[PDB]
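Q: just dropping in an experimental structure and the matching sequence.
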Amino acid sequence: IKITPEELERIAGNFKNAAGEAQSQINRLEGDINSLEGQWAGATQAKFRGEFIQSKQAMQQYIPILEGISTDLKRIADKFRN
Amino acid sequence: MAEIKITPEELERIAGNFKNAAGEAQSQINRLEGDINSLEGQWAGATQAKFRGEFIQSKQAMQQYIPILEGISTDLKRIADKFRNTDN
């Protein structure tokens, strides 16, 4: 083993932070989609809401994977240190 | 304050937000892959394989997400164009 617990924790932080940024991104984009509601036809809005929900579903897979990686790294760092 | 009315400029602004988001997402997955790569050889191969496998799962989700954002951007731009060409 060449890696230090501190380095594993740094990379774990990168994964946690990426997961947070991804959630923030989709939140901002959701605001944009929300802003269009009622400003054009319901059928048009429904199409964009549908597409946007597909993007949310992808992110609902992505985020827990990143958090899992982050936590797995921290678990190993703890094991190495102690 | 009033609700902001849709115009081609508004649709293009939002289309740009989606396109920018796709690029930021690409940058993120590239950075994280670099992190996973940086661990190669720093510990047992079996451990590296586990993290590579999990990372590949995240990359696959990301490879669905990015084109969906790009599709939204394209669709918004298409409507912006239609608005511009039917008004002027």
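A: It's in. Numbering: from 1, shown residues only, chains lettered A, B, ... in the order given.
Q: right, and residue A:39 touches residue B:5 too?
A: Yes: Residue A:39 lies in contact with residue B:5 (C-beta atoms under 8 Å); the separation is 6.3 Å. C-beta: built from backbone N, CA, C; applies to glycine.
Q: helix, strand or coil for residue A:3?
A: Look at residue A:3: counting by DSSP: H, G, I helix; E, B strand; the rest coil, its state is coil.
Q: what sits closest to it if chain neighbours are left out?
A: Take residue A:3 and drop its neighbours on the chain: the residue closest to it by C-beta to C-beta, 6 or more residues apart in numbering or on different chains is residue B:42, 4.1 Å away.
Q: residue A:68 and residue B:57 touch, don't they?
A: No: Residue A:68 is not in contact with residue B:57 according to C-beta under 8 Å; the separation is 9.2 Å.
Q: would you map the helices across chain A?
A: Per DSSP state H, chain A carries helices over the ranges A:5-36, A:42-81.
Q: list the buried ones in the last one?
A: Right, the one you point to is helix A:42-81. Under the neighbour-count criterion of 16 or more other C-beta atoms under 10 Å in any protein chain shown, helix A:42-81 has A:45, A:48-49, A:51-52, A:54-55, A:58-59, A:62-63, A:65-67, A:69-70, A:72-74, A:76-77 buried.
Q: same question for stretch A:23-40.
A: Buried-residue list, stretch A:23-40, by 16+ other C-beta under 10 Å: A:25, A:26, A:29, A:32, A:33, A:36.
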